[PDB]
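Read off the chains here:
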Amino acid sequence: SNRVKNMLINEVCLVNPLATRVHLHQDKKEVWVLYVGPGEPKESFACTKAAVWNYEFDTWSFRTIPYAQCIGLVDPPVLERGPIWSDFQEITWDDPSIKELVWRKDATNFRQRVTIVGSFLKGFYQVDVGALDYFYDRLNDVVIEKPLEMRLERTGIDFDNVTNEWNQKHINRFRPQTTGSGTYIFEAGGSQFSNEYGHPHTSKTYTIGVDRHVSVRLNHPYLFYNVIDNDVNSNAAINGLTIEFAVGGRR
Amino acid sequence: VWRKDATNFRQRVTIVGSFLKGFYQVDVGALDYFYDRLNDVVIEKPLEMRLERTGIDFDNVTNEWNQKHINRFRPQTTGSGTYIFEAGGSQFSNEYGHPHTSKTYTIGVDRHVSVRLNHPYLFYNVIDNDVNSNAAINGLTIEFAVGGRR
Amino acid sequence: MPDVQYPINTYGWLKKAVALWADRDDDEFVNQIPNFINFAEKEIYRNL
Amino acid sequence: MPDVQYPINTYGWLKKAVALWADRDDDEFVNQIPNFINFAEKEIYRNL
Amino acid sequence: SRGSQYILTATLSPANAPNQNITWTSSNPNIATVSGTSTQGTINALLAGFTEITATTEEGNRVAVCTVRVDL
Amino acid sequence: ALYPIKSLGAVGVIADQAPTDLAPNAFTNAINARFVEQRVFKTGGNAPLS
Amino acid sequence: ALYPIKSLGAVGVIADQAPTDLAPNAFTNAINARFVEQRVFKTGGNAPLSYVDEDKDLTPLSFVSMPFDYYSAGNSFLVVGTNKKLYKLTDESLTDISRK
Amino acid sequence: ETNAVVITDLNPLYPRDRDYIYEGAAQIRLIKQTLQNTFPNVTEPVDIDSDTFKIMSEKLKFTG
Amino acid sequence: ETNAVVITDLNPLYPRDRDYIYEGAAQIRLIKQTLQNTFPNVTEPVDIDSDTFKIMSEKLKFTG
Amino acid sequence: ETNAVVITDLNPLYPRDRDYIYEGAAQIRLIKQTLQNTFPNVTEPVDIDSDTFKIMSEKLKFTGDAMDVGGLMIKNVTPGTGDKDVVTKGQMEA
Amino acid sequence: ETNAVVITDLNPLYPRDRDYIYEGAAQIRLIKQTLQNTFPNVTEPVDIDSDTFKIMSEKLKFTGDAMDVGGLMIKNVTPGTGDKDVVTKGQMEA
Amino acid sequence: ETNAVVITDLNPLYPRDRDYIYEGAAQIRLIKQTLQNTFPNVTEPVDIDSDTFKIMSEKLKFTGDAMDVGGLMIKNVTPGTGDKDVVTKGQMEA
């Protein structure tokens, strides 16, 4: 209604709305609406971005897909449908065109079915797998793989529920309670106003198992924090935060 | 315009069959076409918004009849623009108070509006006559004291 | 709102630094800053 | 990231350090650091 | 001008024509080349020298038109 | 005590009612305004079309 | 007083709304994220996939996972289509079953 | 692996999300090397009767 | 792959990092049977001895 | 399909002129951001002097610098050219 | 635009709600003028090898006493220098 | 519209504010290809140099003699110039 309406209409009404699609990601209780990215040719139908919605908790989120012309569910190849020691009679440790293999990959179904994509890059692609993103480049006409980049962003943290908005607030620490292993890249900033997306002030990496917090120094009244996870070997999580802050003055 | 804000995936626009010999869009950038019978000509001018609330007795905080010195309004706006705040009051509750001052709250520079009143019944108005403004008002926070009565 | 230079050398810049150091600045206020300065200087020279 | 030097020995580095220990980076505040330092030096030397 | 390529359109007399096709021709194509359908997309190579862009309807009457490009 | 004035767009114009007995997030008169549950901003104007 | 920030995943992205009038467990923008009612973590990325080495040079437009077929044994396969032809793959070989 | 932390005190637990099974031979050869290093000269340990082990574990501190 | 059943029987580098993967099971089985036959009497608690933990790895000599 | 995302390296034929109008001020902002990031300090970089790079193309080969035969009689202190004070001091000491 | 703030530090971001696309030529000509002003005398910058840039960015502070890397070699003759060019004089003449 | 591919090739005023708008794409493409071909080696980080940021925009001259002699420290590594101590020891030893 008044959460992502003006965002989806804007992002879909630019290039090609008729290419919008949907898929029931019952494996994890998610129903995303595929659509073409903001910057693409007007003659393209390869959906690039997706707005995923969880019908179990009513939350909206977005992501990127590898230029999906279609989508569907199907069982994986024999090498991923559950292999056997006495099957690799012709395979060796020299990874003959196969490296992305794992002993026990996380499953979302009893029959171990995988969601596959019919990509515009001349081949199939899995949509929900380990951290890796395949971004296409028109300059050299080549496919490029890079770590999956997550970004969280919230602006205008006025602490109105605690103290007055206009009052300046010295920010010192964020004390999160994460789970798993990983290495985040925290960013923070602010602005003396409420309308502007504040400018950054610092950035720190919160590696789990060593650090228990992130130290940032701000005194702008309107804070904003961002979270980034560009690592490939990270499967961490963020349950909640606890910001330490003081109160200065105004005017 | 390069990219105008859209309200639909197919980018459909609401059109009007006007009495001014032509069509007109109803929801577009700040511009209002007011007709004049004197010279029989169409006139375009900025779109004038006006908010108005009277009889702010603060009964939920202090007593109504008590006089209250008004000093500041601390809004929390969004976007860019330039508002024109107006404020006033009256020693009674039935009358639409007379204005006392007026200030412009340009966003990105000012963080508040300074007005000086002590009438017990305050009223504030908001006007936006600018053409290049797309601001917004989420809420206010009035700073006030309490004098006496009678 | 108004600006000012590092040294407050004259009345012209003092009457603006007054409105600066107090966000309570507007038409009905700046016009009386001269009266406030008059009262302050009187209170000063009365015993200084 | 206003960065000052370890041997604070000048006026510019002092100004930057004042703006640092008061993290607010805004023209409304930075442009008056000279006035604050003026008041401070006039408060110290007046009885030192 | 240099490099600029303006698109020309050719609206046939009848609103529709079945099995219709156009093969644009221009003497000395080394100056420019066009083909396809009603959409021409004339390309310019030099900064001077007039040209005679004439249509050649595959079907229909051989009767065509002529246009005089002006690079200056 | 606290005196916040939030959700200026939760409710819009309320006339025909004692203005000294309404909420702070209401208005006795409005024109060319648009509210969505937390906010207020100028309504889109008009323009010709041919 | 207390200032806890819990249930970071109870509600996700809330745009088109005054960011200075939301809850601490909300975000004005997100991408490649996944929330389950108490938590947030990076969404699973992407990766290629090839039943055979012949499909890596194909631009499919649609497909369906047919589970059974008279000729096929108790094993599923795919019915994928392209701009001109319809193909079938069952992890062993590619075949063009386009109507002749 | 991560670094030359190689020592006869191994780290069974893995991230378990991505292991690159082709590296299994590396772990097997590492285990073989560690087992050969801990017991360089050994053919077939027998005759212990699993009785002197207990007396040695209880009668420790062979220092003077 | 060796056909031995005891320790110090196969080069840890024998996999070559090029051998076929179907031999991994035969390597794990070989390792397990070797560990079992080299210490068939280990059934009581771990009974850590570590050879006195300090010096007896070299001073424990009996030649003449 | 959105091609208005480029940094430090652009593509002239990606715009594909026969495209929607959103391509425009977006590309202009991209060009401005790239120019600012590449060199966010510019007052008057005139260190060329009518294409001196052609004759001064010796920057890549810092082994055989021109080293004009001129004596370069501008030196303050170096571990090279020594004074004759050691000659006088040595003669006096022995 | 708003005023003569014109300088070689541009402002990509626009209000984005109304831009009057016919003004695009103004922005293009402004960009052209700024690019011609920042580099008045330039034809084709090449031969840099993108290697001296890093040494210059790390070896900054060219003010009197700088630290630089270059033709560091045996440096025997270097016309106009010492290195066994004045010792031989005292040796022979004596 | 010019048919050149390098800088200082087209008058910023050539659009005239009267030319047709369909040429904007050709102008943006020209600008982008010029920026690409004038600095084809810029792929590493921005590597801001700004010509020393202070004075080198005019003092960096090389016409008939070089200036700005380097102020390097001792070269104990990569033996180059004849450091005073080494030559003195060699001379006194013989």
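Within every chain, residues carry numbers counted from 1 in written sequence order, not necessarily those of the entry, while residues missing coordinates are excluded from display. Think of it this way: whatever chain is written first is A, whatever ligand is written first is 1, and the rest follow in order. As shown, the structure covers only some chains of a larger assembly, and all values describe those chains. To obtain the side-chain values, all non-hydrogen atoms of the structure were included, while hydrogens and water were left out.

The deposited coordinates derive from cryo-EM, with the record listing a resolution of 3.8 Å.

A. Structural view of unusual backbone geometry. Backbone geometry at H:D49 places phi at a positive 70 degrees, although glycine is not the residue there. Put simply, DSSP H or I for four residues or longer makes a helix, DSSP E for two residues or longer makes a strand, and each gets a number counted from the N terminus. Position of H:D49 relative to the elements: it lies in the loop between α1 (24-38) and α2 (52-58). The rule is simple: take the accessible area with a 1.4 Å probe, protein chains only, and divide by the maximum for that residue type; under 20% is buried, over 50% is exposed, in between is partly exposed. Given the relative accessible area of 54%, H:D49 is considered exposed. One non-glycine residue, L:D17, adopts positive backbone phi at about 60 degrees. If you trace the backbone, L:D17 turns up in the segment before α1 (24-38).

B. Expanded view of a nonpolar patch on the surface. On the surface, C:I8, C:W13, C:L14, C:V18, C:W21 and D:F39 cluster together into a nonpolar patch covering about 500 Å² of accessible area. Sort the elements by how many residues they give to the nonpolar patch and helix α1 (residues 11-21) of chain C lands first, with four residues. Looking at the secondary structure, you find C:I8 in the segment before α1. Two joining distances apply to patches: 9 Å for like charges and 5 Å for nonpolar side chains (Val, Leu, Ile, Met, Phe, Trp, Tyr), and every residue must have over 30% relative accessible area and no salt bridge. Accessible areas in this description were obtained via Shrake-Rupley with a 1.4 Å probe; residue shielding takes into account the shown protein chains only. Salt bridges are defined as contacts in which a side-chain nitrogen from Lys or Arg sits within 4 Å of a carboxyl oxygen from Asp or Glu.

C. Looking closely at the sheet that holds strand β7 (residues 82-90) of chain B. For two strands to be treated as a pair, DSSP must find no fewer than two bridges joining them. Sheet architecture is open: five strands sit in the order β8(B)-β7(B)-β10(B)-β5(B)-β1(F), paired in antiparallel fashion. If you trace the sheet from one side to the other, it starts and ends with β8 (98-106) of chain B together with β1 (29-31) of chain F, each paired once. With strand direction ignored, the average angle separating the axes of adjacent strands in the sheet is 15 degrees. Looking at chain direction, β7(B) and β8(B) are connected through eight bridges and run antiparallel. Of the residues in β8(B), the one forming a bridge with B:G89 is B:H98. Every angle, taken between N-to-C directions, lies between 0 and 180 degrees, and every axis is a line fitted to C-alpha atoms, over only the stretch in contact when it is a helix.

D. The arrangement of the chains, seen in detail. Contacts were defined at the residue level, with two residues in contact if any of their heavy atoms lie within 4.5 Å. With 21 pairs of chains in contact overall, the contact-richest pair is chains A and G. Left apart from each other, chain D and chain I have a closest C-alpha approach of 51 Å.

E. Expanded view of the side chain of A:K49. Note that A:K49 resides in strand β3 (residues 47-54). On the basis of relative accessibility, which here comes to 19%, the residue A:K49 falls in the buried class. Sequence-distant contacts of A:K49, defined by excluding residues within four places in its chain, comprise A:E11, A:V33, A:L34, A:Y35, A:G37, A:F62, A:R63, A:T64, A:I65 and G:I31.

F. The pattern of salt bridges, seen in detail. One pass over the structure, following the stated rule, counts 24 salt bridges over all chains. For the salt bridge of C:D26 with C:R24, the shortest nitrogen-to-oxygen distance reads 3.1 Å. Taking the relative accessible area as the measure of exposure, C:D26 reaches 8% and is therefore buried. One connected set of salt bridges, linked through shared partners, spans A:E30, A:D128 and G:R34.

G. Structural detail: the state of the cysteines. Residue and element names in this part refer to chain A. The term disulfide is used for any two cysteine sulfur atoms that are within 2.5 Å. Counted by the stated rule, this structure contains zero disulfides over all chains. You can see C13 has no disulfide; the closest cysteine sulfur is in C47, sitting 16 Å from it. Look at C13 and you get buried, because its relative accessible area is 3%. Free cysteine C70: the closest other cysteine sulfur is in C47, separated by 9.8 Å. On the accessibility criterion, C70 (10% relative accessible area) is buried.

H. Structural view of the environment of G:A18. On the secondary structure map, G:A18 appears in the segment before β1 (29-31). With relative accessibility at 0%, the residue G:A18 sits in the buried group. Taking the C-alpha atoms as reference, G:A18 lies 48 Å from G:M66; in sequence the two are 48 residues apart. Once residues lying within four places of it in the same chain are set aside, the contact partners of G:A18 are B:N138, F:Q38 and F:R39.

I. Summary view of helix α1 (residues 24-38) of chain I. Here α1(I) is 15 residues long and its end C-alpha atoms lie 21 Å apart, about the 21 Å a rise of 1.5 Å per residue gives. Buried within α1(I) are the following residues: I:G24, I:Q27, I:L30, I:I31, I:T34, I:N37 and I:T38. Down the axis of α1(I), the smallest arc covering the buried residues is 170 degrees, so these residues share one side. Counted as exposed and oriented over 90 degrees from the buried face of α1(I): I:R29 and I:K32. Packed against the buried residues of α1(I) are α1 of chain H. To estimate the expected span of a helix, subtract one from its residue number and multiply by 1.5 Å. The arc in question is the one spanned by the directions pointing from the helix axis to the C-beta atoms.

J. The packing of α1(C) against helix α3 (residues 33-45) of chain C, seen in detail. Residue and element names in this part refer to chain C. Relative to each other, α1 and α3 sit at 105 degrees, their axes nearing to 10 Å. Relative to α3, the element α1 lies roughly perpendicular. Two secondary-structure elements touch here, α1 through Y11, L14, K15 and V18 and α3 through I33, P34 and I37. Of the residues contributing to the contact of α1 with α3, the split by class is six nonpolar, no polar and one charged. Comment on the angle field: the value is read as roughly parallel under 35 degrees, roughly antiparallel over 145, roughly perpendicular from 65 to 115, and oblique elsewhere. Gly counts as polar in this scheme, as do all residues outside two lists: the nonpolar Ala, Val, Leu, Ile, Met, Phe, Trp, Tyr, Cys and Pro, and the charged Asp, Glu, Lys and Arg.

K. Examining helix α1 (residues 25-38) of chain J more closely. For α1(J), built from 14 residues, the straight-helix expectation of 20 Å at 1.5 Å per residue is met to within 8% by its first-to-last C-alpha distance of 20 Å. Along α1(J), ten of the 14 residues are buried, which leaves the element largely enclosed by surrounding structure. Listed as buried for α1(J) are J:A25, J:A26, J:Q27, J:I28, J:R29, J:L30, J:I31, J:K32, J:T34 and J:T38. Of the surrounding secondary structure, the elements contacted by the buried residues of α1(J) are α1 (24-38) of chain K together with α1 of chain L.

L. Structural detail: the interface of chain G and chain A. Contacts between the two partners involve 58 residues from chain G and, on the opposite side, 81 residues from chain A. With both sides pooled, the region where chain G packs onto chain A buries about 6000 Å², and carbon together with sulfur makes up 53% of that total. We define buried area as the total accessible area lost by two parts upon association, computed with a 1.4 Å probe and summed across both. When the buried area of chain G at its contact with chain A is split by residue, G:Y3, G:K42 and G:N46 rank highest and sum to 14% of it. Joining chain G to chain A, the criterion identifies two salt bridges. Residues A:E30 and G:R34 are paired through a salt bridge, measuring 3.1 Å at the closest nitrogen-oxygen approach.

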